[PDB]
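Chains as they are written, first to last, in the working numbering: chain G, 1 to 133; chain S, 134 to 235; chain D, 236 to 286; chain A, 287 to 331; chain H, 332 to 390; chain X, 391 to 924.
One structure is given here, and the rest of the page talks about it.
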Ligand code: HEA
Ligand code: HEA
Ligand SMILES: [Ca+2]
Ligand SMILES: [Cu+2]
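Put into structure tokens, the structure is as follows:
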């Protein structure tokens, strides 16, 4: 015999349900449980949206594992982490025995590759030992 | 070894009638939908009668979302919704689609 | 049962009741472990001589 | 019965893009040093 | 001489720790802590002589 | 306070002491690995002014500090002594003073190792401390003694803890837990306690033999006198392959829990998987000479030890097929331990495929002592055991320490380590198939290509560890507030499709084990009355 609720405390419940002072969450769940005992053609479709949302809405324990708008956050976190890893690597490379070994230039490596073709290196794969400026 | 579809639908038809609270019908529905095969119409109609008996309209909304995810087509879904339209006009339960249109 | 249960009372270090900041002894306990091999390198590099 | 539409043409309409998405994820997963070789000086870039 | 009941009495009738409950558990454990103190600190006083290479002289 | 952390007998205090020692020595080992990869960045002497001996002492400090001081005291020490008695409902372990000395022997092993690194040079030998390099004529000074003593101490620790484990799992089960109905992590600690007790004493025999041969003028391995340095390789590797299976059986026990609780369906065929675990445990004792394919054996030892090392592939195969079976057809909740678990099984099958490629003695003559092997085991150690460690921490520490972590921070930590460690350990197969040897501080300059990318990957991995340690700080000072906001995840399992968000609040956890139904951070005496079970 419990009649329907006010309009202006249930209009658009699934968006203000979490900014809710938490006492009235209880005194809006219980009267919906009370109103469900009627024949189901009695109920206006404003509460059937509200009764579905308190049970099956994406709130509380049905919150997603990550919200809408944080896969962007962790993609940006991954990419900034790669960037600062590259940067600290390139910084600490600037303190490491400041001379290069004499082989690592094109004034050594094409003499090496001429020596490999001089002694007939691999015909199938490459022998060209060039990797430096 | 294991169980025929017809005996399965004779088992859950009894198990939905043997419910007493909202934990139990929400348990028996979860147990009958987490099988390989989608349940027969006579099983989910006992499920709709059970969810009517325990005064919960949200699970009677959820039965159709559950079958819609369970079937492989939407022609099977329209077949289901004409197989049980008159029970959806006897109980008057709404589907999630026309109550939440996109 | 003589041992006080709590949330921060399953650890052998204080966090809350503290004069120093906690992050000091946190990152200190972990940075001493990170600086174990650098001290190892310093002592061996001076022992053979180059650093 | 075979209600309406056939069983792996609905599964075909499902998993045709999964083939290409799998090929993308494995071609990135295993073929990432190919870009290092492309931008390398072993190509004498 | 079958002292087990007289010792069960005082080993349950005390809230001193178990390595103190006996009467003569001073004569063991006062020398033992001194021997332990002179036993663990003396290896590690020799470690800066060991890291820098000074051996112990035969004199 | 001294009675609870220095005289302690409760299992949880000893377990978190194990854990903090493990993370201390783990970053102390990855600092060595960072110095190694910085020395291996470009050819020539880069940071270490020559001094190849120091490169060897850093390599073996990395190896010992990562195996005997992080993975073991973090898996069988920490997770073992914590979650064995709570998941079997035991009120403590049997033999608790054994557990306390099994912890406190380990800092003394750490002290012996780092004083070994500071006297003459350190053990410059290999983590396999193979003679006659490790004896007096090639390694003078007291360093290799102190390394052998460190390994003696961890032998004592994880033998006494294994005895403690086996009697408290054979004697302290609850009222309904028979042997078939154990959780799949206690079966893992059961089997590694077996392999520990059956594998540690041949190692202890071998290394005190080496200690006597260095220090007491004996001859077991000196060929000048009649010994053989291949008796040592047998005595080492008969321990050494059971060691690399006890480094991953508790990882299997962790991953089987993680995939079950995030698929929300039980593990497909649970006792075929305990049979698979026991089969890997037995058959790991019959394969030890696959590290010895090159030393000059028979033809048919290398025919037997190639078939027996590939019948290992079948129970591991059905474990991985069973994992993918129980992940097929579930509701996958993509949380941080689930990400770690699926990356575990993908990268572990990659390491297993390259391990079966190594397992052929016909082919291992093209791959022994090359970087193919170091790719094989850094795909199943840093991707098997370490990924299981991260999954276990991110899966159990909201229960244990009671404070949640920032979840999106945990997912960038996961993706950073999964990118960067794949980036370091993938070109090692390329260098090894091109012929790059192991344990060298300086390579030929045609190997300079794929070493730069690997040192970059190590920098990504070390910064992932720095992000993880900031996650630990944020958990330990803001985890109470990580409850009140939603920078975390609170409920391990989502509600099912038809139960709703009050029924789930009356049934807030749906677990197959006791460990989550306990009080967060649990009581000092859990289970005074015993946990009944059907
Ligand atoms: C546990 C085993 C383990 C792990 C994880 C690693 C990880 C790494 N290792 Fe390796 N390594 C070995 C065991 C391991 N290693 C062994 C046994 C050898 C053979 C030695 C020999 O040949 O004599 C070896 C040799 C070896 C080589 C071959 C060089 C040589 O043979 O001389 C290299 C070069 O790249 C290397 C570097 C690295 C790097 C950069 C990492 C990076 O992955 C480091 C980054 C890792 C992390 C960031 C892990 C997270 C840190 C934690 C502390 C976990 C915390 C989590 C919890 C507490 C839950 N180590
Ligand atoms: C976590 C530790 C760990 C694990 C689990 C393994 C697992 C395996 N390992 Fe390995 N290994 C090491 C740690 C480990 N290893 C270490 C530390 C070294 C170097 C030691 C040193 O320093 O010298 C080493 C080196 C090593 C060698 C010695 C070669 C050499 O040193 O030169 C061999 C030889 O047989 C080997 C093979 C295997 C095989 C066949 C497996 C198998 O268990 C893998 C099984 C998994 C699969 C096979 C994939 C999954 C299965 C399927 C998808 C089903 C179908 C698959 C098939 C039919 C193949 N590895
Ligand atoms: Ca170098
Ligand atoms: Cu092995």
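Where a beta carbon is used, it is the ideal one built from N, C-alpha and C, also for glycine.
- Note that the region 841-852 of chain X does not touch the region 860-874 of chain X; fewer than 3 beta-carbon pairs, one per stretch, sit closer than 8 Å.
- Straight-line measurement puts the Cα of residue 504 of chain X at about 12 Å from the Cα of residue 278 of chain D.
- Relative to ligand 1, the beta carbon of residue 517 of chain X is positioned inside 7 Å of a heavy atom.
- For residue 469 of chain X, the closest Cβ of chain D is not nearer than 8 Å.
- Using beta-carbon distances, residue 509 of chain X counts as an interface residue toward chain H, with a partner under 8 Å.
- Residue list for ligand 4: X/631, X/634, X/680 and X/681 (CB closer than 6 Å to any heavy atom, chain order).
- Closest in C-alpha terms to residue 878 of chain X, from the list X/725, X/752 and X/860, comes X/725.
- When the beta-carbon positions are compared, residue 475 of chain X and residue 583 of chain X stay at least 8 Å from each other.
- For the region 624-689 of chain X, the continuous alpha helix (DSSP H) assignments of 4+ residues that do not extend past its boundaries occur at 639-653 and 660-673, in sequence order.
- It is roughly 12 Å from the alpha-carbon of residue 591 of chain X to the alpha-carbon of residue 550 of chain X.
- Straight across, the Cα-Cα distance linking residue 67 of chain G with residue 73 of chain G is about 10 Å.
- Fewer than three Cβ pairs drawn from the region 113-128 of chain G and the region 137-151 of chain S lie within less than 8 Å of each other, which leaves the two stretches out of contact.
- Just measuring C-alpha positions, the residue of X/727, X/728, X/706 and X/774 sitting nearest residue 738 of chain X is X/774.
- Residue X/557 holds the alpha-carbon nearest to the alpha-carbon of residue 480 of chain X among X/895, X/557 and X/892.
- In this model, residue 335 of chain H and residue 355 of chain H are separated by some 16 Å (Cα to Cα).
- When Cβ pairs closer than 8 Å are counted between the two stretches, the region 898-908 of chain X is seen not to touch the region 805-813 of chain X, the count staying below three.
- Where residue 337 of chain H is concerned, the enclosing alpha helix (DSSP H) starts and stops at 335-343.
- Along the region 402-468 of chain X, the beta strand (DSSP E) does not occur as any fully enclosed run of 3 or more residues.
- Shown here, residue 760 of chain X sits in a strand according to DSSP, grouped into three states.
- In the DSSP assignment, residue 827 of chain X forms a beta bridge with X/760.
- In terms of beta-carbon proximity, residue 310 of chain A stays away from the interface with chain G, with every pair separated by 8 Å or more.
- Closest option to residue 182 of chain S, judged by alpha-carbon separation, among S/229, S/231, S/224 and S/199: S/224.
- Neighbours of residue 191 of chain S across chain X, judged by C-beta separation under 7 Å: 890.
- Within chain X, the residues 835, 836, 838 and 839 have their CB atoms less than 9 Å from the CB of residue 131 of chain G, given in chain order.
- With 16 or more other Cβ atoms from the protein chains shown falling within 10 Å of its own Cβ, residue 77 of chain G counts as buried.
- Contact between the region 768-783 of chain X and the region 814-829 of chain X is established, with three or more Cβ pairs separated by less than 8 Å.
- Going by DSSP, residue 527 of chain X is part of no alpha helix (DSSP H) at all; its letter is neither H nor E.
- For residue 498 of chain X, the enclosing alpha helix (DSSP H) starts and ends at 486-508.
- With a threshold of 7 Å, the Cβ atom of residue 366 of chain H does not count as near ligand 2, since no heavy atom of the ligand is closer than that.
- Within 8 Å of the CB of residue 227 of chain S, the CB atoms of chain G belong to 45 and 48, in sequence order along the chain.
- At least one heavy atom of ligand 1 is found less than 7 Å from the C-beta of residue 452 of chain X.
- In this structure, the alpha-carbon of residue 822 of chain X lies about 4 Å from that of residue 762 of chain X.
- Contact between the region 740-750 of chain X and the region 796-806 of chain X is absent: fewer than three C-beta pairs spanning the two stretches fall below 8 Å.
- Proximity of residue 328 of chain A to chain G, defined by a Cβ-Cβ separation below 8 Å, is satisfied.
- Judged by DSSP in its simplified three-state form, residue 17 of chain G adopts coil rather than helix or strand.
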